[PDB]
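Notes follow once the structure below has been shown.
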Number of protein chains: 2
Amino acid sequence: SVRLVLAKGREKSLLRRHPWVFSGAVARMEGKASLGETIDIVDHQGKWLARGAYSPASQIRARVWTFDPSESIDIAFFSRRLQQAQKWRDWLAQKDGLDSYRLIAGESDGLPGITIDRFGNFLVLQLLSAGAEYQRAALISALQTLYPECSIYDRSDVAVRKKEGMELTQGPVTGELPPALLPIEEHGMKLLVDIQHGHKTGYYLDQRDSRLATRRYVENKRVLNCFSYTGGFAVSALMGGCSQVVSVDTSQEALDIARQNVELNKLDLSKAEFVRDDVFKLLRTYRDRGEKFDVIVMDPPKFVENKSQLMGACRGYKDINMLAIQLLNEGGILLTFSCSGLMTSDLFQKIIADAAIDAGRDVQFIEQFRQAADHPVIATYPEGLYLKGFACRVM
Amino acid sequence: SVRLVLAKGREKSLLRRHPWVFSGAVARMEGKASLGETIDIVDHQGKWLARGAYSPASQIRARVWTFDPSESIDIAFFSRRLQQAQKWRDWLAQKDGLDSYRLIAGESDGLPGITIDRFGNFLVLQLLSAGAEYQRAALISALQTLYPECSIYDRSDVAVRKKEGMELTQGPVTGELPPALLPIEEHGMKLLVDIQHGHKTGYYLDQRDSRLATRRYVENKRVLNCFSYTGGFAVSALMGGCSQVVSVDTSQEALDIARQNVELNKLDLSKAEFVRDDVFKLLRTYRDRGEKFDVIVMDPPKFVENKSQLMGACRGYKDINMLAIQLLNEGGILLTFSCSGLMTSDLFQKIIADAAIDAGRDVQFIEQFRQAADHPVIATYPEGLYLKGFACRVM
């Protein structure tokens with residue numbers, strides 16, 4: 001019904017099949033549409049370009065559902081998209097021994113604003129854009145048809161929804177309520193996730209390969225895992241045969257789950273330590289007395305200057321990575337990460353390089369990490385790559 | 001005791017410990033030094049900053065040997081550098097099942113302009129810069145001392161030398177002459193290398209992880225290996241249990257070695273096809289008749305449009321990757337690479353994305369490749385990262 005007319009020239013992004021239409025590229029709206037309503041997007045002359053979801057409260061005024069002129073956005077549309085995404089995850093599950101994975105990664109699976117993670121028999125939703133919420137009913141119907149035995153839970157309690165003009169929301173959608181802790185599997189390893197209250201959708205599936213890579217580096221080595229959360233990296237270190245792994249986190253609850261994870265995998269508790277403390281404080285205490293480690297995993301949360309898209313300068317990263325380098329033996333390996341929207345892979349690299357200079361030690365980049373394969377990045381949406389990380393060796 | 005004086009406020013690079021000192025930064029040469037000779041680098045006030053090698057014919061007027069005031073560059077200097085580098089490769093070889101690897105990766109192992117590859121009991125040199133050649137005797141002494149039972153061969157037939165004011169050179173140094181083909185091991189796989197007349201030093205050790213990843217995607221799938229050369233990818237595909245692997249190359253010699261690698265590993269020859277033909281032609285032939293593959297490996301030769309870092313701007317990568325995408329079905333995977341300093345990782349990504357649009361299909365980036373860990377990149381030398389690659393899934 002309603003159409004969004006692009007300003008002359010401003011249709012280049014659509015021709016590149018980019019899923020987003022910024023408010024600034026819109027010349028006018030022909031007709032009135034509701035929040036999240038399906039609209040057609042045409043060029044300044046009126047030629048059809050795509051069919052998307054209208055988002056009046058957002059700067060991303062519309063997101064593209066499809067570039068096929070004959071494709072309506074209804075239950076069938078979502079069913080087809082789910083089936084296409086499932087084909088990929090079926091292969092990944094078999095190959096990597098997975099019982100859980102991200103099923104739809106928004107724009108990269110052709111469903112902008114929608115994220116769905118599979119955890120055992122639970123499907124966890126995060127409807128982050130206006131279009132996602134508007135199509136909630138259709139999406140659910142498709143999900144119930146394709147995954148009749150699965151329970152659906154909503155974890156749309158993400159601040160980004162405010163950018164789309166919607167309230168945050170979460171809770172059961174269908175089926176049974178998830179347990180406090182649900183065991184999932186990855187690469188012959190079991191991990192407990194909290195769907196109702198855990199981070200994101202319940203866990204960080206995106207760090208799957210970083211965790212697996214940890215196994216290769218830790219044989220008979222002393223490991224320090226900073227901001228360990230529920231200990232995914234700790235279990236991975238033990239699976240790799242580390243002599244000892246020290247997990248540090250500010251949350252006792254997370255550390256308790258970490259210990260439950262070690263026990264669940266029948267690993268050696270004697271080789272694992274769980275320290276509840278201000279990470280920065282612990283790191284300085286260790287450094288001041290000369291503590292040394294062979295492998296250090298560094299994966300901090302909101303860089304500190306979070307949300308500070310403006311006044312970023314969140315060089316809490318330099319301090320954290322500098323401390324890490326100072327705690328490494330010669331030949332020590334640092335696996336450090338960042339998912340902050342205030343920095344790119346290149347800028348993250350410069351920070352590490354700078355931390356090395358101040359620490360008085362040179363480091364070699366020997367590996368670059370990426371979000372797992374169930375978090376694909378469609379080529380038309382490079383911004384989709386958010387997880388940055390490197391494996392560094394102290395010379 | 002000749003010194004290279006830097007223009008005021010132009011020593012910031014040395015302060016970041018970057019190994020290169022460009023001509024534009026040189027204020028004046030206080031003294032007369034021969035090509036490759038050891039010299040001191042100072043600021044406008046005469047303060048010592050580093051000790052490097054002079055290269056009058058290059059844009060890179062000097063490369064830093066050391067930033068340690070008391071460190072002289074002699075046999076002991078190279079001996080210590082070789083031992084420090086060997087420490088890392090000993091760990092990598094045992095971990096990844098290697099009897100061959102890059103021992104010294106120039107700047108990244110504190111020896112700018114020097115590259116040394118180890119193939120079994122052979123050490124292959126490549127002295128690319130003025131300083132590398134000038135220090136040949138000292139480097140050789142350290143080597144014969146640390147590796148008394150290894151033969152040394154020189155493969156300094158690299159165009160880079162001309163840009164440093166030298167002529168190309170290659171041939172034996174000490175020990176026995178390498179055999180026509182020498183079998184090496186990596187990840188439980190055997191490959192044949194030609195040290196005397198093969199590409200580079202005799203093989204592409206840097207693609208080790210690319211070959212490994214090829215194994216993950218090919219079980220029960222039809223594979224197309226473009227620019228197979230002496231094999232490597234064809235064997236990897238078979239090691240992964242591919243249903244069929246077709247290798248294309250214009251060189252009958254390379255194809256003969258590819259097949260030899262297959263037999264050497266006792267793999268099913270009945271699943272391997274070797275086609276001698278123009279890769280571009282065969283690709284259009286397959287495209288024209290609707291041939292389809294499940295996985296395609298695309299590792300083009302030397303840029304094709306090299307003729308300088310900037311002489312690139314050639315859409316040969318674009319055209320070649322477009323053909324590949326047209327040869328895949330939904331779910332098909334493209335493993336495509338670039339080693340030319342003719343483009344960054346982001347530029348290569350752009351090309352694939354463009355190839356995708358012209359092909360009329362979307363592709364998902366699910367994995368990113370880089371030179372193997374024995375080809376480290378010191379944080380002070382970002383330009384050290386030259387190998388780029390992506391695993392792309394056709395939607």
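Identifiers in this document derive from the order of the structure tokens: chains are assigned A, B, ..., residues are numbered from 1 separately in each chain, and ligands are numbered from 1 in order of occurrence.
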Least-squares superpose chain B on chain A across all ordered C-alpha pairs, then write out what you get as a short mmCIF file (atom, residue, chain, number, x, y, z; two decimals) with C-alpha atoms, in the first residue's frame.
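Final output, saved to superposed_11.cif:
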```
data_model
loop_
_atom_site.label_atom_id
_atom_site.label_comp_id
_atom_site.auth_asym_id
_atom_site.auth_seq_id
_atom_site.Cartn_x
_atom_site.Cartn_y
_atom_site.Cartn_z
CA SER B 1 0.37 0.26 -0.49
CA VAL B 2 2.28 3.13 1.14
CA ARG B 3 5.55 4.00 -0.59
CA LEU B 4 8.88 5.43 0.52
CA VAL B 5 10.29 7.67 -2.22
CA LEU B 6 14.07 8.04 -2.44
CA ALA B 7 15.93 11.22 -3.40
CA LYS B 8 17.29 11.23 -6.95
CA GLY B 9 20.55 9.31 -7.23
CA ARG B 10 20.13 7.94 -3.71
CA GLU B 11 19.04 4.41 -4.61
CA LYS B 12 22.56 3.16 -5.28
CA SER B 13 22.45 1.39 -1.92
CA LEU B 14 19.40 -0.65 -2.93
CA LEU B 15 21.11 -1.44 -6.23
CA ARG B 16 23.92 -3.01 -4.17
CA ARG B 17 21.14 -4.81 -2.30
CA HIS B 18 22.09 -3.23 1.02
CA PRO B 19 19.29 -3.97 3.55
CA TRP B 20 19.26 -0.49 5.09
CA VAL B 21 17.58 2.70 3.88
CA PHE B 22 18.68 5.68 5.97
CA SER B 23 16.44 8.68 6.65
CA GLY B 24 18.62 11.12 4.73
CA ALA B 25 17.84 9.10 1.60
CA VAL B 26 14.06 9.40 1.91
CA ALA B 27 12.61 12.09 -0.36
CA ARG B 28 9.03 11.77 0.84
CA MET B 29 6.54 9.26 2.24
CA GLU B 30 3.58 8.91 -0.12
CA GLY B 31 1.01 7.65 2.36
CA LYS B 32 0.67 6.98 6.08
CA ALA B 33 2.22 3.83 7.55
CA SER B 34 2.38 2.50 11.10
CA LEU B 35 5.60 1.50 12.85
CA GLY B 36 7.05 -1.67 11.34
CA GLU B 37 4.46 -1.76 8.56
CA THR B 38 5.33 -3.24 5.17
CA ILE B 39 6.03 -0.57 2.56
CA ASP B 40 7.45 -0.20 -0.95
CA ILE B 41 10.67 1.61 -1.77
CA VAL B 42 10.95 3.45 -5.07
CA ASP B 43 13.31 5.88 -6.79
CA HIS B 44 12.54 9.52 -7.65
CA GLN B 45 10.69 8.28 -10.74
CA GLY B 46 8.48 5.84 -8.85
CA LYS B 47 10.19 2.63 -9.97
CA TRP B 48 9.89 -0.21 -7.45
CA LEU B 49 13.19 -1.21 -5.81
CA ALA B 50 12.23 -3.33 -2.80
CA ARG B 51 9.66 -4.16 -0.15
CA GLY B 52 10.60 -3.34 3.42
CA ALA B 53 9.40 -2.42 6.91
CA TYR B 54 8.85 1.18 8.03
CA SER B 55 10.64 2.43 11.17
CA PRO B 56 9.67 6.09 11.85
CA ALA B 57 11.60 6.34 15.13
CA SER B 58 14.90 5.05 13.75
CA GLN B 59 17.79 6.44 11.71
CA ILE B 60 17.33 3.27 9.68
CA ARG B 61 13.96 4.38 8.31
CA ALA B 62 13.37 1.08 6.55
CA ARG B 63 14.91 -2.39 6.29
CA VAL B 64 14.49 -4.51 3.18
CA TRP B 65 12.46 -7.70 3.55
CA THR B 66 12.80 -8.58 -0.12
CA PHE B 67 13.94 -7.34 -3.53
CA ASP B 68 11.49 -9.72 -5.28
CA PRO B 69 8.50 -7.77 -6.73
CA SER B 70 6.10 -10.71 -6.33
CA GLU B 71 7.14 -11.76 -2.84
CA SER B 72 4.60 -10.85 -0.17
CA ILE B 73 5.70 -10.79 3.45
CA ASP B 74 3.60 -13.36 5.27
CA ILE B 75 3.83 -16.70 7.06
CA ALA B 76 5.19 -18.34 3.90
CA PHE B 77 7.91 -15.69 3.54
CA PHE B 78 9.29 -16.43 7.00
CA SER B 79 8.84 -20.16 6.51
CA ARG B 80 11.02 -20.12 3.38
CA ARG B 81 13.65 -17.93 5.06
CA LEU B 82 13.76 -20.18 8.13
CA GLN B 83 14.11 -23.30 5.97
CA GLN B 84 16.91 -21.79 3.89
CA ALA B 85 18.75 -20.77 7.07
CA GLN B 86 18.15 -24.18 8.68
CA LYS B 87 19.89 -25.85 5.75
CA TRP B 88 23.19 -24.19 6.70
CA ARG B 89 22.87 -24.90 10.44
CA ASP B 90 22.06 -28.56 9.85
CA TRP B 91 25.43 -28.88 8.12
CA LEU B 92 27.26 -26.89 10.83
CA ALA B 93 25.70 -28.80 13.74
CA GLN B 94 26.61 -32.20 12.36
CA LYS B 95 30.09 -30.99 11.41
CA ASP B 96 30.92 -29.25 14.70
CA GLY B 97 28.87 -31.40 17.08
CA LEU B 98 26.27 -28.78 18.00
CA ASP B 99 22.76 -29.12 19.39
CA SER B 100 22.60 -25.32 19.66
CA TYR B 101 23.43 -22.48 17.26
CA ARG B 102 22.17 -19.18 15.88
CA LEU B 103 19.45 -20.00 13.35
CA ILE B 104 18.73 -16.58 11.95
CA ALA B 105 21.28 -13.78 12.08
CA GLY B 106 19.04 -10.90 10.99
CA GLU B 107 20.02 -9.17 7.75
CA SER B 108 22.53 -11.92 6.90
CA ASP B 109 19.74 -14.50 6.66
CA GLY B 110 17.34 -12.20 4.81
CA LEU B 111 15.38 -11.23 7.96
CA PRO B 112 16.58 -7.73 9.03
CA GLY B 113 16.02 -7.06 12.72
CA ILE B 114 15.27 -10.66 13.61
CA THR B 115 17.58 -12.93 15.58
CA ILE B 116 16.76 -16.47 16.61
CA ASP B 117 18.94 -18.79 18.66
CA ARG B 118 18.36 -22.51 19.10
CA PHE B 119 19.33 -24.12 22.42
CA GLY B 120 18.34 -27.77 22.39
CA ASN B 121 14.57 -27.72 21.97
CA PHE B 122 14.23 -24.02 22.68
CA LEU B 123 14.03 -21.26 20.10
CA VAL B 124 14.92 -17.87 21.57
CA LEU B 125 13.73 -14.76 19.79
CA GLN B 126 15.08 -11.24 19.69
CA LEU B 127 12.94 -8.84 17.67
CA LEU B 128 15.12 -5.73 17.44
CA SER B 129 13.60 -3.61 14.68
CA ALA B 130 10.22 -2.04 13.98
CA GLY B 131 9.51 -4.66 11.33
CA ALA B 132 10.59 -7.61 13.47
CA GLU B 133 8.00 -6.79 16.13
CA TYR B 134 5.29 -5.94 13.61
CA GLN B 135 5.77 -9.37 12.00
CA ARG B 136 5.85 -11.25 15.32
CA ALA B 137 2.61 -13.18 14.74
CA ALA B 138 3.59 -14.26 11.22
CA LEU B 139 7.08 -15.27 12.35
CA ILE B 140 5.69 -17.25 15.29
CA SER B 141 3.27 -19.15 13.04
CA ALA B 142 6.04 -20.21 10.68
CA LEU B 143 8.14 -21.33 13.66
CA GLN B 144 5.41 -23.40 15.32
CA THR B 145 4.80 -24.95 11.89
CA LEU B 146 8.45 -25.81 11.13
CA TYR B 147 9.44 -26.67 14.73
CA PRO B 148 6.20 -28.02 16.32
CA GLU B 149 7.98 -29.71 19.22
CA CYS B 150 10.19 -26.77 20.24
CA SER B 151 9.26 -24.26 22.93
CA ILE B 152 9.61 -20.60 22.04
CA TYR B 153 10.96 -17.95 24.40
CA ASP B 154 11.41 -14.23 23.81
CA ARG B 155 14.52 -12.29 24.83
CA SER B 156 13.84 -8.95 23.17
CA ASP B 157 15.26 -7.10 26.17
CA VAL B 158 17.84 -5.39 23.99
CA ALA B 159 18.52 -1.64 24.13
CA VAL B 160 18.31 -1.57 20.33
CA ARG B 161 14.50 -1.61 20.49
CA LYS B 162 14.33 1.77 22.21
CA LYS B 163 16.25 3.23 19.26
CA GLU B 164 13.56 1.72 17.02
CA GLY B 165 10.82 3.36 19.08
CA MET B 166 9.76 0.35 21.14
CA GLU B 167 10.04 -0.81 24.74
CA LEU B 168 11.94 -3.95 25.79
CA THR B 169 10.05 -7.22 26.23
CA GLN B 170 10.91 -10.77 27.32
CA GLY B 171 9.15 -13.92 28.45
CA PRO B 172 7.65 -17.23 27.29
CA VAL B 173 5.86 -17.56 23.95
CA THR B 174 4.89 -21.22 23.64
CA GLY B 175 5.89 -24.62 24.96
CA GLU B 176 7.50 -25.19 28.34
CA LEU B 177 9.50 -22.69 30.36
CA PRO B 178 13.28 -23.08 30.02
CA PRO B 179 15.03 -24.55 33.11
CA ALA B 180 17.41 -22.51 35.30
CA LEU B 181 20.30 -24.00 33.37
CA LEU B 182 20.08 -25.94 30.14
CA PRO B 183 23.10 -28.02 29.03
CA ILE B 184 24.08 -27.57 25.38
CA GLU B 185 26.72 -29.21 23.23
CA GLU B 186 29.50 -27.84 21.05
CA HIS B 187 32.65 -29.62 19.88
CA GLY B 188 32.24 -32.54 22.30
CA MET B 189 31.92 -30.11 25.18
CA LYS B 190 28.89 -29.38 27.36
CA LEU B 191 27.97 -25.90 28.61
CA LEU B 192 25.12 -24.62 30.80
CA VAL B 193 22.89 -21.79 29.53
CA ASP B 194 20.31 -19.58 31.30
CA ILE B 195 17.76 -18.60 28.67
CA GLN B 196 15.53 -16.57 31.00
CA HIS B 197 18.14 -14.40 32.72
CA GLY B 198 21.45 -14.98 30.95
CA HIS B 199 23.32 -12.55 28.69
CA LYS B 200 21.91 -12.10 25.19
CA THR B 201 19.65 -15.05 24.43
CA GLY B 202 21.25 -17.03 27.24
CA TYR B 203 24.76 -17.66 25.92
CA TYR B 204 27.44 -16.37 23.54
CA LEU B 205 27.18 -18.84 20.68
CA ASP B 206 29.27 -16.44 18.59
CA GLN B 207 32.45 -17.23 20.55
CA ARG B 208 32.35 -20.94 19.64
CA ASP B 209 35.49 -20.76 17.51
CA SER B 210 37.29 -18.57 20.06
CA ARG B 211 36.71 -21.26 22.68
CA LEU B 212 37.94 -23.94 20.25
CA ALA B 213 41.15 -22.03 19.53
CA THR B 214 41.76 -21.66 23.26
CA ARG B 215 42.17 -25.45 23.36
CA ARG B 216 45.02 -25.39 20.84
CA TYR B 217 47.29 -23.18 22.95
CA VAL B 218 46.89 -24.53 26.48
CA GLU B 219 48.37 -28.02 26.76
CA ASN B 220 50.51 -28.11 29.91
CA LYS B 221 50.25 -24.36 30.40
CA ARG B 222 49.05 -22.01 33.14
CA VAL B 223 46.02 -20.05 31.96
CA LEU B 224 44.35 -16.85 33.13
CA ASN B 225 40.74 -16.33 32.06
CA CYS B 226 39.68 -12.70 32.56
CA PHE B 227 35.92 -12.10 32.70
CA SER B 228 35.09 -15.78 32.88
CA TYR B 229 31.36 -15.26 33.30
CA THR B 230 29.47 -18.60 33.42
CA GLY B 231 32.54 -20.26 31.99
CA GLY B 232 33.12 -21.49 28.47
CA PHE B 233 36.78 -20.56 28.24
CA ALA B 234 37.67 -22.26 31.52
CA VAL B 235 36.18 -25.56 30.32
CA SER B 236 37.86 -25.14 26.93
CA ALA B 237 41.23 -24.61 28.62
CA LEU B 238 40.74 -27.81 30.63
CA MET B 239 39.58 -29.67 27.52
CA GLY B 240 42.89 -28.59 25.99
CA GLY B 241 44.88 -30.10 28.84
CA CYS B 242 46.04 -26.91 30.56
CA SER B 243 48.14 -27.44 33.70
CA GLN B 244 46.03 -24.82 35.48
CA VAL B 245 43.29 -22.32 34.67
CA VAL B 246 42.41 -19.36 36.87
CA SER B 247 39.06 -17.67 36.16
CA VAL B 248 38.28 -14.19 37.45
CA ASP B 249 34.92 -12.43 37.64
CA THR B 250 33.03 -10.17 40.04
CA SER B 251 29.89 -12.31 39.80
CA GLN B 252 29.80 -15.27 42.18
CA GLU B 253 26.86 -16.62 40.18
CA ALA B 254 28.84 -16.76 36.94
CA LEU B 255 31.76 -18.40 38.76
CA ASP B 256 29.45 -21.05 40.22
CA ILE B 257 28.20 -21.98 36.75
CA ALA B 258 31.76 -22.00 35.40
CA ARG B 259 32.68 -24.61 38.00
CA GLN B 260 29.47 -26.51 37.25
CA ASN B 261 30.46 -26.64 33.58
CA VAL B 262 33.78 -28.14 34.62
CA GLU B 263 32.09 -30.87 36.67
CA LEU B 264 29.47 -31.43 33.97
CA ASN B 265 32.30 -32.27 31.56
CA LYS B 266 34.04 -34.51 34.13
CA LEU B 267 37.21 -32.43 33.96
CA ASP B 268 39.93 -32.16 36.63
CA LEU B 269 38.63 -29.61 39.14
CA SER B 270 42.01 -29.70 40.88
CA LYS B 271 43.39 -27.67 37.96
CA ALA B 272 40.67 -25.02 38.01
CA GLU B 273 40.65 -21.93 40.21
CA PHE B 274 37.80 -19.44 40.50
CA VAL B 275 38.55 -16.03 41.96
CA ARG B 276 35.73 -13.61 42.70
CA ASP B 277 37.21 -10.14 42.46
CA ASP B 278 37.55 -7.05 40.32
CA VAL B 279 39.40 -8.17 37.18
CA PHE B 280 41.38 -4.92 36.85
CA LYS B 281 42.41 -5.09 40.52
CA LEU B 282 43.44 -8.73 40.48
CA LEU B 283 45.43 -8.02 37.31
CA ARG B 284 47.39 -5.18 38.91
CA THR B 285 47.84 -7.35 41.98
CA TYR B 286 49.38 -10.11 39.87
CA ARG B 287 51.43 -7.55 37.93
CA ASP B 288 52.68 -5.90 41.11
CA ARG B 289 53.98 -9.19 42.50
CA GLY B 290 55.32 -10.55 39.23
CA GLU B 291 52.74 -13.27 38.60
CA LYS B 292 53.19 -14.88 35.17
CA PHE B 293 50.90 -16.98 32.96
CA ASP B 294 51.48 -18.82 29.66
CA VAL B 295 48.11 -18.02 28.10
CA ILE B 296 45.60 -15.29 28.92
CA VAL B 297 42.04 -15.06 27.62
CA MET B 298 40.70 -11.49 27.56
CA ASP B 299 37.05 -11.07 26.59
CA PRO B 300 35.82 -7.86 28.32
CA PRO B 301 32.13 -7.18 28.93
CA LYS B 302 30.11 -4.59 27.06
CA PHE B 303 32.73 -2.18 25.76
CA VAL B 304 33.09 -0.74 29.25
CA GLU B 305 33.04 2.66 27.59
CA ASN B 306 30.15 2.09 25.22
CA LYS B 307 27.46 4.71 25.76
CA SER B 308 27.19 4.86 21.99
CA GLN B 309 29.31 3.71 19.09
CA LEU B 310 31.32 6.92 19.19
CA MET B 311 31.34 7.48 22.95
CA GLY B 312 34.10 4.89 22.90
CA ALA B 313 37.52 6.49 22.49
CA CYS B 314 38.28 4.75 25.78
CA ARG B 315 41.68 3.18 26.39
CA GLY B 316 40.24 0.63 28.77
CA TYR B 317 41.00 -2.00 26.15
CA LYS B 318 44.49 -0.53 25.89
CA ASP B 319 45.07 -0.54 29.66
CA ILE B 320 43.54 -3.96 30.12
CA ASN B 321 45.56 -5.53 27.28
CA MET B 322 48.73 -3.85 28.52
CA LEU B 323 48.30 -5.49 31.93
CA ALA B 324 47.77 -8.82 30.18
CA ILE B 325 50.95 -8.49 28.14
CA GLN B 326 52.84 -7.64 31.35
CA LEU B 327 51.54 -10.91 32.81
CA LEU B 328 53.03 -13.03 30.01
CA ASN B 329 56.54 -14.44 29.54
CA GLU B 330 58.32 -14.87 26.21
CA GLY B 331 56.17 -17.20 24.11
CA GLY B 332 53.15 -16.35 26.20
CA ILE B 333 49.92 -16.08 24.25
CA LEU B 334 47.15 -13.55 24.54
CA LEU B 335 43.70 -14.32 23.15
CA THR B 336 41.98 -10.95 23.27
CA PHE B 337 38.60 -9.83 21.93
CA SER B 338 36.21 -6.96 21.21
CA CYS B 339 32.55 -7.00 20.13
CA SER B 340 31.82 -3.28 20.43
CA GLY B 341 30.84 -1.48 17.24
CA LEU B 342 33.11 1.09 18.83
CA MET B 343 35.95 -0.10 16.60
CA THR B 344 36.93 -2.05 13.50
CA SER B 345 39.39 -4.94 13.34
CA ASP B 346 42.14 -2.50 12.32
CA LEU B 347 41.42 -0.14 15.22
CA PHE B 348 41.54 -3.00 17.71
CA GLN B 349 44.86 -4.06 16.16
CA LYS B 350 46.19 -0.54 16.66
CA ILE B 351 45.26 -0.59 20.34
CA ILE B 352 46.98 -3.92 20.99
CA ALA B 353 50.06 -2.62 19.16
CA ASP B 354 50.01 0.49 21.35
CA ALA B 355 49.46 -1.61 24.47
CA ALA B 356 52.49 -3.63 23.41
CA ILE B 357 54.75 -0.58 23.17
CA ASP B 358 53.66 0.78 26.56
CA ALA B 359 54.19 -2.67 28.06
CA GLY B 360 57.74 -2.61 26.73
CA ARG B 361 57.44 -5.76 24.65
CA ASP B 362 56.77 -6.78 21.08
CA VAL B 363 53.90 -9.04 20.13
CA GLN B 364 53.23 -11.10 17.02
CA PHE B 365 49.74 -11.49 15.59
CA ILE B 366 49.53 -15.18 14.65
CA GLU B 367 45.78 -15.65 14.35
CA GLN B 368 42.63 -13.58 13.87
CA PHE B 369 39.20 -14.52 15.24
CA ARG B 370 35.64 -13.69 14.20
CA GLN B 371 32.06 -14.62 15.10
CA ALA B 372 31.25 -18.29 14.39
CA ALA B 373 29.88 -19.51 11.03
CA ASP B 374 26.30 -19.61 12.33
CA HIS B 375 26.65 -15.82 12.58
CA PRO B 376 27.28 -15.25 8.82
CA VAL B 377 27.69 -11.85 7.19
CA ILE B 378 25.84 -11.37 3.92
CA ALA B 379 28.10 -9.63 1.38
CA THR B 380 25.55 -6.81 1.07
CA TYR B 381 25.87 -6.02 4.78
CA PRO B 382 29.53 -5.62 5.85
CA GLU B 383 28.44 -3.93 9.10
CA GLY B 384 27.28 -7.40 10.09
CA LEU B 385 30.79 -8.33 11.27
CA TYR B 386 30.90 -7.28 14.93
CA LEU B 387 33.12 -9.75 16.79
CA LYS B 388 36.86 -9.04 16.60
CA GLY B 389 39.72 -10.97 18.15
CA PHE B 390 43.41 -11.82 17.97
CA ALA B 391 45.87 -14.40 19.23
CA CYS B 392 49.07 -12.51 20.11
CA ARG B 393 52.45 -14.04 20.90
CA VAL B 394 54.90 -12.24 23.19
CA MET B 395 58.41 -12.11 21.73
#
```
**OP:** Pull the alpha helix (DSSP H) assignments for segment 151-226 of chain A out of DSSP run on the backbone, and list those residues as a ChimeraX atom specification.
**Re:** /A:160-163,208-217
Using N, CA, C and O atoms, can you export the residues from the last selection as a short mmCIF file (atom, residue, chain, number, x, y, z; two decimals), in the first residue's frame?
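After the write, part-v4.cif holds the following:
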```cif
data_model
loop_
_atom_site.label_atom_id
_atom_site.label_comp_id
_atom_site.auth_asym_id
_atom_site.auth_seq_id
_atom_site.Cartn_x
_atom_site.Cartn_y
_atom_site.Cartn_z
N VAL A 160 18.61 -1.74 21.94
CA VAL A 160 18.45 -1.30 20.56
C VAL A 160 16.99 -1.08 20.16
O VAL A 160 16.69 -0.30 19.26
N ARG A 161 16.07 -1.77 20.84
CA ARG A 161 14.66 -1.60 20.52
C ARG A 161 14.19 -0.17 20.74
O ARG A 161 13.22 0.26 20.13
N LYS A 162 14.87 0.56 21.63
CA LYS A 162 14.52 1.95 21.89
C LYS A 162 14.83 2.78 20.63
O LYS A 162 14.12 3.74 20.32
N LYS A 163 15.88 2.40 19.92
CA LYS A 163 16.25 3.10 18.69
C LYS A 163 15.14 2.92 17.66
O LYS A 163 15.01 3.72 16.73
N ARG A 208 32.15 -19.62 19.70
CA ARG A 208 32.39 -21.06 19.54
C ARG A 208 33.79 -21.42 19.03
O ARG A 208 34.46 -22.28 19.60
N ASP A 209 34.22 -20.78 17.96
CA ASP A 209 35.53 -21.10 17.40
C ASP A 209 36.70 -20.55 18.21
O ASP A 209 37.80 -21.10 18.16
N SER A 210 36.46 -19.48 18.96
CA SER A 210 37.51 -18.91 19.79
C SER A 210 37.75 -19.89 20.94
O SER A 210 38.88 -20.13 21.36
N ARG A 211 36.66 -20.45 21.45
CA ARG A 211 36.74 -21.43 22.52
C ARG A 211 37.47 -22.67 22.02
O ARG A 211 38.36 -23.19 22.70
N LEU A 212 37.11 -23.13 20.83
CA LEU A 212 37.76 -24.32 20.30
C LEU A 212 39.24 -24.05 20.08
O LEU A 212 40.08 -24.89 20.40
N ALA A 213 39.57 -22.87 19.56
CA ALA A 213 40.96 -22.51 19.31
C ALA A 213 41.77 -22.48 20.60
O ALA A 213 42.98 -22.71 20.60
N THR A 214 41.10 -22.19 21.71
CA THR A 214 41.78 -22.14 23.00
C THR A 214 42.38 -23.51 23.33
O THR A 214 43.47 -23.60 23.89
N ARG A 215 41.66 -24.57 22.97
CA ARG A 215 42.13 -25.93 23.24
C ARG A 215 43.52 -26.21 22.66
O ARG A 215 44.34 -26.85 23.31
N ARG A 216 43.77 -25.74 21.45
CA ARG A 216 45.04 -25.98 20.79
C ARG A 216 46.25 -25.31 21.45
O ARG A 216 47.34 -25.85 21.43
N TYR A 217 46.03 -24.15 22.07
CA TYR A 217 47.11 -23.40 22.70
C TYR A 217 47.49 -23.74 24.13
O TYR A 217 48.58 -23.39 24.57
#
```
**OP:** Determine which residues of segment 106-257 of chain A DSSP labels as strand (DSSP E) from the backbone of this structure, then write them out as a ChimeraX atom specification.
**Re:** /A:114-119,122-127,151-156,169-174,182-186,189-193,222-226,244-249
